[PDB]
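Residue numbers (the deposited numbering), protein chains in the order written: chain L, 552 to 605; chain K, 1 to 95; chain J, 1 to 160; chain A, 1 to 30, 55 to 116; chain N, 1 to 427.
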Ligand SMILES: CCCCCCCCCCCO[C@@H]1O[C@H](CO)[C@@H](O[C@H]2O[C@H](CO)[C@@H](O)[C@H](O)[C@H]2O)[C@H](O)[C@H]1O
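Next comes the structure, spelled out in structure tokens:
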């Protein structure tokens with residue numbers, strides 16, 4: 552029982568792995584290849600950094 | 001002072017241009033307007049701080065020209081035989 | 001002051017609005033030349049005179065002429081047709097533009113400056129000694145930039 | 001240098017000229057495509073720049089002495105290395 | 001003067017290349033870059049201040065690295081169009097200027113000076129290369145605009161266009177942010193990083209080497225000169241680190257994964273900015289330029305246009321020393337002892353913690369541990385069974401290059417007390 556349980560624990564850690572995988576290919580999916588998108592995300596970003604400082 | 005605010009408004013307008021414009025040359029144009037907003041601000045502040053900002057703005061104009069040469073050169077080069085200049089036609093490189 | 005100024009700045013903002021709005025590349029660029037004209041006006045009014053004349057000559061006269069030659073030598077105003085619109089973007093572009101406006105307005109508020117300088121109407125007689133002087137390094141560097149720029153642009157075309 | 005009045009005068013002059021233009025109009029009522061014409065247009069937008077720098081020198085020049093002259097000389101020679109390039113490259 | 005060598009060689013070679021064969025011009029640009037570099041080594045600890053131009057420790061180290069990138073990138077590009085070396089000289093000088101002033105406007109001129117010829121170098125004329133050039137150029141010019149408006153606002157909030165000017169309240173901050181936009185873009189910090197993957201994947205590989213090393217170097221040199229505030233610094237860091245490694249996980253192509261890797265690495269480097277130590281940053285970038293330069297030379301010997309990760313596999317059998325040097329590079333980029341990369345990362349982290357930026361620091365460390373996924377997925381992949389993969393086994397040039405530069409890595413992993421004593425003022 553506890554053996555297979557432990558197998559499930561390791562499995563869950565792998566689950567975290569896949570969580571980082573998922574989030575990762577989500578952040579890489581942000582780059583469509585479309586330049587207008589890049590400009591939008593850019594201006595947005597600038598607004599963000601500017602919003603943080605003063 | 002009254003001018004400085006117009007400079008900021010213009011820069012904003014240019015940003016709107018870049019974000020809105022569908023074709024390469026016109027995005028580039030909106031950028032040129034932004035540059036000019038910057039220049040105007042440089043003139044106002046030169047009038048506050050004493051004339052160095054004018055030389056600054058002139059250098060700026062020169063630079064702008066250089067990057068217009070290279071930028072249009074590029075636009076023409078890439079889209080010469082190629083069809084419509086809409087910048088989203090190149091989406092091959094994806095993240 | 002304010003009498004002319006209101007009309008001038010309104011015409012400025014209007015011109016810019018056009019250059020970012022018009023769907024005809026020729027018309028747009030043209031509106032931008034109107035902008036540069038009025039801008040050289042404002043420079044003159046701002047004791048930057050030589051800069052104003054260079055504004056007409058280089059920016060209005062030359063640069064947007066290259067733009068026009070190019071949009072005419074490919075195709076202008078008929079390039080935007082495609083209809084891959086992204087109109088969910090238009091209010092987002094508009095909003096982000098308003099944001100980038102608001103932030104600058106904020107940073108510019110509460111600024112009490114002496115705009116009273118003796119900057120004797122931007123004449124090149126007063127501009128020169130600075131340029132070939134304290135600015136000579138930046139000047140020359142700019143020159144080099146222009147050289148490299150032309151070599152790039154030519155090599156960036158070069159058929160065969 | 002100049003009284004500000006004469007810029008206003010310039011503008012007025014422009015006004016008259018334009019009005020007359022309108023008048024005359026109303027009497028009218030009575055591959056490789058870019059390359060050459062691009063290159064020799066771009067070089068215009070570069071020489072305009074060059075001259076835009078040469079003018080401030082040409083006025084205050086003797087005041088700037090041999091080192092000022094040396095500066096304008098260096099500048100000119102750089103840009104002319106550029107032009108000599110696109111000339112020796114050929115434009116046709 | 002280094003600037004003298006660069007200027008002379010550039011202007012001369014422009015017209016001399018009409019009377020010289022392309023190969024002879026390569027010999028030329030090589031010699032010139034080398035001479036600039038040598039002039040640098042001979043004046044180590046000179047500080048030579050002219051006008052806005054100023055050669056101190058920062059200019060020295062960062063233009064040393066940038067010149068090293070120019071040297072290596074020129075080495076690999078036999079392809080005859082003398083401009084495809086000339087432009088590299090142009091860019092090189094420009095990067096030097098960029099690292100050599102606090103003058104905002106000269107800085108702008110230098111930025112255009114280096115980034116204008118690069119838009120051109122993104123052209124192996126590949127349809128993807130053209131896309132890269134276009135993206136790089138548009139996003140670049142916009143960033144330029146922001147940096148210029150920042151300079152005008154800096155001149156707004158203070159009478160100068162020189163960094164080091166005392167600095168006001170709000171307008172000063174807004175100015176610094178608007179500068180950090182353009183400068184950050186140029187160093188591939190988030191959220192100004194979008195161009196990097198497309199450009200690295202799209203551009204011809206040796207060109208990409210030149211970019212990911214020299215450009216980043218000069219960019220950070222110029223970032224040291226800015227008074228970068230803690231808040232903005234934190235933002236840039238956290239975003240760059242996270243997006244860097246996490247997005248790097250999803251990458252199935254080599255160059256693009258390395259671009260994302262460079263985004264995360266910019267993130268780590270920015271930590272040094274917290275104190276603006278510059279001794280740390282210098283070291284870090286020494287290790288980085290070495291290992292990255294190596295990696296991209298190796299990735300050049302496979303394919304210039306694009307490389308899938310499978311191509312890396314079996315590299316050891318083919319060339320043992322390139323396999324080993326590539327592994328070593330991957331480990332030094334991981335920051336795993338006893339390699340110089342670990343010392344660089346440690347030296348940046350050290351400044352982060354010294355500055356008291358703990359949450360940011362820890363975050364960086366966690367996702368840095370994450371990064372061990374992909375750095376190993378390459379270095380180890382060296383030993384896998386070879387898929388049918390393109391390989392031009394290099395000249396003595398490149399083999400001895402990758403090997404020597406590689407040996408340097410663990411050489412400084414064991415003995416950082418060699419180079420670290422003076423990456424400072426030069427004593
Ligand atoms: C082709 C390649 C082109 C690359 C760029 C090469 C340019 C080199 C030309 C240098 C001349 O540029 C000019 O030099 C002098 C001294 O150095 C500067 O003078 C300035 O620096 C000195 C020394 O700190 C100060 O005494 C002086 O008060 C100040 O005005 C001047 O501001 C600058 O504008």
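The C-beta atom is built at its ideal place from N, Cα and C for all residues, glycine as well.
1. Taking contact to mean 3 or more Cβ pairs, one atom from each stretch, closer than 8 Å, check whether the segment 244–251 of chain N and the segment 389–398 of chain N are in contact.
2. So, are the CB atoms of residue 171/J and residue 78/K less than 8 Å apart?
3. Using a beta-carbon distance cut-off of less than 9 Å, what residues from the segment 302–316 of chain N approach chain L?
4. Within 10 angstroms of the Cβ of residue 120/J, are there 16 or more other Cβ atoms? Answer buried if so, exposed if not.
5. In terms of alpha-carbon separation, which member of 188/N, 247/N and 171/N lies closest to residue 45/K?
6. Please find out if some non-hydrogen atom of ligand 1 comes closer than 7 Å to the beta-carbon of residue 137/J.
7. Closer than 8 Å by beta-carbon distance: list the chain L residues that pair up with residue 146/N, in chain order.
8. Do residue 6/N and residue 92/N have their C-beta atoms closer together than 8 Å?
9. If we define contact as Cβ-Cβ less than 8 Å, is residue 594/L a contact residue for chain K?
10. Could you name each continuous alpha helix (DSSP H) segment of 4 residues or more that falls completely within the segment 336–423 of chain N, going from the start of the chain to the end?
11. Is residue 47/A buried or exposed, if buried means 16 or more other CB atoms sit within 10 Å of its CB?
12. With distances taken from CA atoms, which of 124/N, 152/N and 306/N is nearest residue 53/K?
13. Is residue 565/L helix, strand or coil by DSSP?
14. Express the C-alpha separation of residue 37/N and residue 13/J in angstroms, rounding to a whole number.
15. Measuring straight from C-alpha to C-alpha, what distance separates residue 15/J and residue 33/K?
16. Can you look up residue 23/K in the DSSP assignment and give me helix, strand or coil?
17. Flag residue 11/N as yes when its Cβ comes closer than 7 Å to any non-hydrogen atom of ligand 1, and as no otherwise.
18. Using DSSP with H/G/I as helix, E/B as strand and the rest coil, what is residue 231/N?
19. I need the straight-line Cα distance from residue 402/N to residue 319/N, nearest angstrom please.
20. Taking 8 Å as the threshold (beta carbon to beta carbon), is residue 90/N in contact with chain K?
21. With a threshold of 8 Å, are at least 3 pairs of Cβ atoms found where one atom belongs to the segment 151–167 of chain N and the other to the segment 321–340 of chain N?
22. Given this structure, state the Cα-to-Cα distance separating residue 51/N from residue 25/A, to the nearest angstrom.
23. Can you name the residues of chain K whose CB is closer than 8 Å to the CB of residue 58/A?
24. Cβ closer than 7 Å: which chain K residues qualify as neighbours of residue 585/L?
25. My assumption, with CB atoms under 8 Å, is that residue 73/N sits in contact with residue 210/N. Please give the rounded CB distance.
26. For residue 49/N, which residues does DSSP report across the bridge?
27. Just confirm the distance between the C-beta atoms of residue 60/J and residue 33/J, as a whole number of angstroms; I'd bet it's less than 8 Å.
28. For the segment 1–15 of chain A, enumerate the residues whose C-beta is nearer than 7 Å to any C-beta of chain J, in chain order.
29. Considering only the alpha carbon of each residue, which of 114/N, 300/N and 396/N lies closest to residue 206/N?
30. Could you check whether residue 81/N and residue 22/N sit closer than 8 Å to each other, using their CB atoms as the reference points?
31. Would you mind working out which of 376/N, 374/N, 375/N and 346/N sits nearest residue 362/N, comparing C-alpha positions?
32. Is the closest heavy atom of ligand 1 to the C-beta of residue 66/N under 7 Å?
33. Anything in chain L within Cβ reach of residue 89/J, meaning under 8 Å, just list it in chain order.
34. Here's the rule: buried if 16 or more other CB atoms are within 10 angstroms of the residue's CB, otherwise exposed. What is residue 76/J?
35. Is there a Cβ of chain J sitting closer than 8 Å to that of residue 402/N, yes or no?
36. Is any beta-carbon of chain K found at less than 8 Å from that of residue 605/L?
Working from what's here:
1. no
2. One cannot answer for residue 171/J here, as it falls past the ends of chain J, which runs 1 to 160.
3. none
4. Walking along the third chain from the start, residue 120/J turns up at place 120. It is exposed - the Cβ of residue 120/J has fewer than 16 other Cβ atoms within 10 Å.
5. Taking the second chain and counting its residues from 1, the one referred to as residue 45/K is at position 45. For the residues 188/N, 247/N and 171/N, the minimum Cα distance to residue 45/K belongs to 171/N.
6. By 1-based counting over the third chain, the position of residue 137/J is 137. Checking every heavy atom of ligand 1 against the Cβ of residue 137/J, one is found closer than 7 Å.
7. Here the question's residue 146/N lines up with position 146 in the fifth chain. The contacting residues are 597.
8. Taking the first residue of the fifth chain as 1, we reach residue 6/N at position 6. Taking the first residue of the fifth chain as 1, we reach residue 92/N at position 92. Going by C-beta atoms, residue 6/N is nearer than 8 Å to residue 92/N.
9. Numbered from its first residue, the first chain carries residue 594/L at position 43. Yes, residue 594/L counts as interfacial toward chain K.
10. 340–355, 358–370, 372–379, 396–414 and 416–419
11. No atoms of residue 47/A appear, because in chain A residue 30 is followed directly by 55.
12. Your numbering for residue 53/K matches position 53 in the second chain. Considering only alpha carbons, the answer is 152/N.
13. Start at 1 with the first residue of the first chain, and residue 565/L comes out as number 14. Residue state, collapsed to three classes: helix.
14. Here residue 13/J is taken as the residue at index 13 of the third chain, counted from 1. Here residue 37/N is taken as the residue at index 37 of the fifth chain, counted from 1. So the alpha carbons of these two residues sit roughly 50 Å apart.
15. Taking the first residue of the third chain as position 1, residue 15/J is located at position 15. Taking the first residue of the second chain as position 1, residue 33/K is located at position 33. If I take the Cα positions, the gap works out to 10 Å.
16. Your numbering for residue 23/K matches position 23 in the second chain. The answer is strand: DSSP assigns residue 23/K an E or B state.
17. Here residue 11/N is taken as the residue at index 11 of the fifth chain, counted from 1. Yes - ligand 1 has a heavy atom lying nearer than 7 Å to the Cβ of residue 11/N.
18. Along the fifth chain, one-based indexing puts residue 231/N at 231. The answer is helix: DSSP assigns residue 231/N an H, G or I state.
19. Position 402 of the fifth chain, counting from 1, holds the residue named residue 402/N. Position 319 of the fifth chain, counting from 1, holds the residue named residue 319/N. Approximately 11 Å, taken between the alpha carbons.
20. Along the fifth chain, read from residue 1 onward, the residue named residue 90/N stands at position 90. No - not a single Cβ of chain K is within 8 Å of the one on residue 90/N.
21. no
22. Within the fifth chain, the letter at position 51 stands for residue 51/N. Within the fourth chain, the letter at position 25 stands for residue 25/A. Distance between the alpha carbons of residue 51/N and residue 25/A: 56 Å.
23. As a working note, residue 58/A is residue 34 in the fourth chain. By Cβ distance, chain K contributes 76 and 80.
24. Taking the first residue of the first chain as position 1, residue 585/L is located at position 34. Within chain K, the residues near residue 585/L are 88 and 91.
25. By 1-based counting over the fifth chain, the position of residue 73/N is 73. By 1-based counting over the fifth chain, the position of residue 210/N is 210. Yes, residue 73/N and residue 210/N are in contact; Cβ-Cβ is about 4 Å, under 8 Å.
26. Start at 1 with the first residue of the fifth chain, and residue 49/N comes out as number 49. Answer by DSSP bridge pairing, in chain order: 54/N.
27. Within the third chain, numbered from 1, the residue matching residue 60/J stands at position 60. Within the third chain, numbered from 1, the residue matching residue 33/J stands at position 33. 5 Å between Cβ atoms; contact.
28. 1 and 7
29. As a working note, residue 206/N is residue 206 in the fifth chain. Of the candidates 114/N, 300/N and 396/N, the one whose C-alpha sits nearest the C-alpha of residue 206/N is 300/N.
30. Position 22 of the fifth chain, counted from the start, is the residue given in the question as residue 22/N. Position 81 of the fifth chain, counted from the start, is the residue given in the question as residue 81/N. Taking 8 Å as the Cβ cut-off, residue 22/N and residue 81/N qualify as a contacting pair.
31. Looking up residue 362/N in the fifth chain gives position 362. Nearest of 376/N, 374/N, 375/N and 346/N to residue 362/N, Cα basis: 346/N.
32. Within the fifth chain, residue 66/N is the residue found at index 66, counting from 1. No, Cβ of residue 66/N sits at least 7 Å from all heavy atoms of ligand 1.
33. Stepping through the third chain from its first residue, residue 89/J is reached at position 89. Per Cβ cutoff of 8 Å: 587 and 591.
34. Counting from one through the third chain, the residue named residue 76/J turns up at place 76. Answer is buried; the Cβ neighbour count reaches 16.
35. The sequence position of residue 402/N within the fifth chain is 402, counting from 1. Chain J, which has no Cβ nearer than 8 Å to the Cβ of residue 402/N, makes this no.
36. As a working mapping, residue 605/L is identified with position 54 in the first chain. Residue 605/L does not count as touching chain K.
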